[PDB]
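**Q** Here goes the first bit of my complex:
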Amino acid sequence: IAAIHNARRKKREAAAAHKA
Amino acid sequence: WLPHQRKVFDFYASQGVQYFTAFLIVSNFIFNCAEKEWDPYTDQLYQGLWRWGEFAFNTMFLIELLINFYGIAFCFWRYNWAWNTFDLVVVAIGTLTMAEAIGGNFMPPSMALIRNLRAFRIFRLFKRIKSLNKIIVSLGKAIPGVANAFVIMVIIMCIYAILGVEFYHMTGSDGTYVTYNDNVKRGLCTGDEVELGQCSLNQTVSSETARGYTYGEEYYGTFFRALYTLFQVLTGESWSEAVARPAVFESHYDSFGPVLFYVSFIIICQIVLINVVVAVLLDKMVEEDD
């Protein structure tokens, strides 16, 4: 899950960095 | 619209009434659990206890359902159709059970699985509490995202099942299969006695399983047996010591066949496909979260 959960995280901060 | 319909309609939507109904559902679930724990036997010890407990629970659910429908004029098409029809079905099974307990067996013994629906009454609780409703709704709205990767998985699973039925459905058919030792080269026994007859490079080892079948007949006997065995391997349960290794070491020098079969199956399906499906499922759920 940590492999799955972290992959989805990579998209959160990638999205977070996009708006910021 | 009935004259006293609006008052009872807003009465049922009261938070206190909703929590009382939730407590009733949880109490019924605990009653079923206690029945299956302290008295699940065919010769039940406290028989009327569970019989009349179910009687009272179905009666109370009937009264509360009638309260629910009387506020919507018995219509249940316009307001919360799915939950209302689910409630209808469970209360109907409840009335059927009470009618059987009162006036004999009006049903054939071939519909016990329909009586079994009482265990699924706890799903009514999910409408009572908002967080559990959110989680189940997110699961329902994320399943369609899963669908495509899931069908890819099942396609590949059926491909490997066809291959497995064609290859190993005949394996260990006598009930015993022969694996070949390498004792001479390893120096355990001299090369003279193996030809001379004191020792042998081959041993016959039984192929019968714990279920009484041979290896091929059970694991890959038919297409559906093969698909079930591949599901077992996909979950990762005993794929080597029971499913793979006898077939791997059946091949004297052609061992690359079974090893490549199971290794490629495990890698592709289990690792790649399971992780992809879980990733897309969780991605859809968290995209629905915000």
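**A** That came through, no problem. Numbering: from 1, shown residues only, chains lettered A, B, ... in the order given.
**Q** Where do the helices of the chain begin and end?
**A** Going with chain A. Using DSSP state H, the helices of chain A run over A:2-19.
**Q** oops, I was thinking of chain B
**A** Going by DSSP H, chain B shows helices at B:5-12, B:15-38, B:47-70, B:81-103, B:112-115, B:125-128, B:130-168, B:183-186, B:191-196, B:215-219, B:223-235, B:245-250, B:256-265, B:275-289.
**Q** Adding distance to chain A and mean neighbour count, write the ones you listed out as JSON lines.
**A** The C-beta positions use only the backbone N, C-alpha and C, and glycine is treated the same way. Output for these, formatted as JSON lines (distance: least, C-beta to the nearest C-beta, whole Å; neighbours: other C-beta atoms under 10 Å in any protein chain shown):
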{"stretch": "helix B:5-12", "distance to chain A": "40", "mean neighbour count": "14"}
{"stretch": "helix B:15-38", "distance to chain A": "28", "mean neighbour count": "14"}
{"stretch": "helix B:47-70", "distance to chain A": "38", "mean neighbour count": "16"}
{"stretch": "helix B:81-103", "distance to chain A": "30", "mean neighbour count": "15"}
{"stretch": "helix B:112-115", "distance to chain A": "34", "mean neighbour count": "11"}
{"stretch": "helix B:125-128", "distance to chain A": "23", "mean neighbour count": "18"}
{"stretch": "helix B:130-168", "distance to chain A": "12", "mean neighbour count": "15"}
{"stretch": "helix B:183-186", "distance to chain A": "41", "mean neighbour count": "12"}
{"stretch": "helix B:191-196", "distance to chain A": "50", "mean neighbour count": "12"}
{"stretch": "helix B:215-219", "distance to chain A": "30", "mean neighbour count": "24"}
{"stretch": "helix B:223-235", "distance to chain A": "16", "mean neighbour count": "18"}
{"stretch": "helix B:245-250", "distance to chain A": "28", "mean neighbour count": "20"}
{"stretch": "helix B:256-265", "distance to chain A": "20", "mean neighbour count": "16"}
{"stretch": "helix B:275-289", "distance to chain A": "5", "mean neighbour count": "16"}
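**Q** and then chain C:
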Amino acid sequence: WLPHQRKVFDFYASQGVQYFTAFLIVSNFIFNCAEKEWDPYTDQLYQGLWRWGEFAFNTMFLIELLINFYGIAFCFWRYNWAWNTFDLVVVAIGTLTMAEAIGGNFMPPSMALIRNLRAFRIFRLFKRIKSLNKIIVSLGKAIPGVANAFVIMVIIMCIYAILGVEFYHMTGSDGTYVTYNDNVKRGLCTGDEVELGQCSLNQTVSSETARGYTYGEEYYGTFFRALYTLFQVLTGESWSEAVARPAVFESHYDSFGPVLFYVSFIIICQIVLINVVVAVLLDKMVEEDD
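**A** So, slotting chain C in with the rest:
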């Protein structure tokens, strides 16, 4: 406030004193580990060694605890209540152990589990080091996020446990169950001899388990046995070769029952629910990280 209270209060909060206490806790943990490694037997070889080691460790913890409380005027309500009361409980079990070692058995033999608390003294170290404290605090603040998905899991687990008790609690009850071969259609034996009596399509295989019980009585004998077996399947341990396959191949032509049972259980609970719970747990922890 005591006259010499502030000086000792700031003395205990010294980094050197905190690290010395941390070293003491780690040394006690290593002492317990060494006791359980080199001499865990009922007939202990070096008996007084561990007895007096525990004596000295509890004495030192008592002296350091008294130093801790003397700086807070023995109050421990206003400053770090939870850690202080935990410390208090462990010293209390330590003083109880020393009192028993000094003046006989003042306790009934029914409270050994309370004496067992010495193994949990290492949890005091987590307050000494900031990083371990951060991790455990994040775990504690992420558990409530888990709670809802966890209760959904246990609800579904109990549903499947009720179903399993109702279905398979009677399985393999004689101790042996019959699986049906398909030998004639596979050509292993001619159809003439099967009717004639040389071969049969139905071998009988024992259901008894490694624990001596039959399959139904152990795995799904009662509701709690069923819930434990479903937890075993949820973790993924031996769900097929022990739990599923005997029930799957018990059904002669109704095999869809057990296969759908275990397949749906595994998919929903294990894959979906385990990954959802872990995802929400880790999400809460990393949201607490920053």
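**Q** Up against chain B, what does chain A have?
**A** With the criterion set to C-beta under 8 Å from any C-beta of the partner chain, chain A comes near chain B through A:1, A:3-5, A:7-8, A:11.
**Q** Run through who's touching stretch B:177-195.
**A** B:171, B:198-207, B:215, B:246, B:249-250, B:252 (C-beta atoms under 8 Å, 6 or more residues apart in numbering or on different chains).
**Q** cool, stretch B:99-118 as well?
**A** So stretch B:99-118 is contacted by B:28, B:32, B:51, B:54-55, B:89-90, B:93-94, B:96-97, C:163, C:166 (C-beta under 8 Å, 6+ apart).
**Q** try it again with 7 Å
**A** Contact partners of stretch B:99-118, identified using C-beta atoms under 7 Å, 6 or more residues apart in numbering or on different chains, comprise B:32, B:51, B:55, B:90, B:93, B:97, C:163, C:166.
**Q** Same question for stretch B:244-264.
**A** B:168, B:171-172, B:177, B:179-180, B:207, B:215, B:239.
**Q** now, which of the contacts of stretch B:177-195 sits nearest residue C:74?
**A** Nearest to residue C:74 among the contacts of stretch B:177-195 is residue B:246, at 70.4 Å by C-beta to C-beta.
**Q** Extend the structure above with chain D:
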Amino acid sequence: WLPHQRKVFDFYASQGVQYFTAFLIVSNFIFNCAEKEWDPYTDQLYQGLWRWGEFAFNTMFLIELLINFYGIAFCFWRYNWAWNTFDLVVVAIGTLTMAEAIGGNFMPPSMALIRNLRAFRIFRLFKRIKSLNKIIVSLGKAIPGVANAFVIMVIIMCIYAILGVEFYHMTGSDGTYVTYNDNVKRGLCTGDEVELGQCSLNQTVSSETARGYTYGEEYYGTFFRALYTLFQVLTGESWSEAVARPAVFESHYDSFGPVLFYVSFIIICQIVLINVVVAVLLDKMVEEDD
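**A** Okay, here's chain D dropped in alongside the others:
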């Protein structure tokens, strides 16, 4: 360019024709599954049924392929080369099968694996539906990201395989290995009788496996057997009760060897490397998603 080439070219690209071809592929897949389910035996019961079903399916695929190529002037170099050549190869195996069914066995019995390609015809469906095409294309474009971590994994796997072959290829070679009890210290038997000969602090337990081999000869007999066993441990299947524990308890007091071997192998390879590979795979796929 042929005179009536453009019309048939745009006719084949029609959505209705594409869905009809997709239905044909799915129907062929279901036909293969039904063949392997209801009649996979060597003595097939409905023999001509599957024979002529495959005949008709290959004939229809031939006619539709000729329709596909006639719109591209039989060129298939410029437009969708890979899918066209895959289609070509499957029809070619289909025409080969029909030719064998019509005019005897024109092939040696050593190319059944080439006839086996009919199971992979369902891969043609992935071009028919856009979502499955997206998923498989993302998998293909994410594999190269996996490649580096995968080769690191296999390098470490081969290192551990060399070590395992060198250490344990000789283990349990007699067929039985000796583990040493500690009964006298546990109080199970007095120290007098162990020297006196009533009891022994050693027991001899068989090393033979379910496949008939000894432990060393099967698990780590050769480098490829060792690599397969390490793959089994990497997936996590029965690494202790079959692979690790006999070697761990073979070492009387040198147990640190096998424990460190398998513990370090599991930690590094399984945890670290499996999670890294899956993380990079999924990262590449979702980076391709958007």
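**Q** In light of the added chain D, please revisit the contacts of stretch B:99-118.
**A** B:32, B:51, B:55, B:90, B:93, B:97, C:163, C:166.
**Q** Just flag the most distant two among these.
**A** B:55 and C:163 (21.9 Å).
**Q** got the residues of chain A near chain D?
**A** Remark: the part of chain A in contact with chain D comprises A:2-4, A:6-7, A:10-11, using C-beta under 7 Å from any C-beta of the partner chain.
**Q** let me fix that: the stretch 151-290 of chain B
**A** B:152, B:155, B:158-159, B:162-163, B:165-166, B:169-170, B:179, B:181-182, B:186, B:188, B:203, B:205, B:222-224, B:236, B:238-241, B:245-246, B:249, B:259, B:263, B:266, B:271-272, B:275-276, B:279.
**Q** and residue B:44, how many neighbours does it have?
**A** 13 (other C-beta atoms under 10 Å in any protein chain shown).
**Q** repeat for residue B:77
**A** 8.
**Q** likewise residue B:108?
**A** 7.
**Q** separation between it and chain A?
**A** Look at residue B:108 and chain A: by C-beta to the nearest C-beta, to the nearest Å, they are 46 Å apart.
**Q** before we move on, back to that, out of the contacts of stretch B:99-118, who's nearest residue C:66?
**A** The closest of the contacts of stretch B:99-118, once distances to residue C:66 are taken by C-beta to C-beta, is residue B:32, at 54.4 Å.
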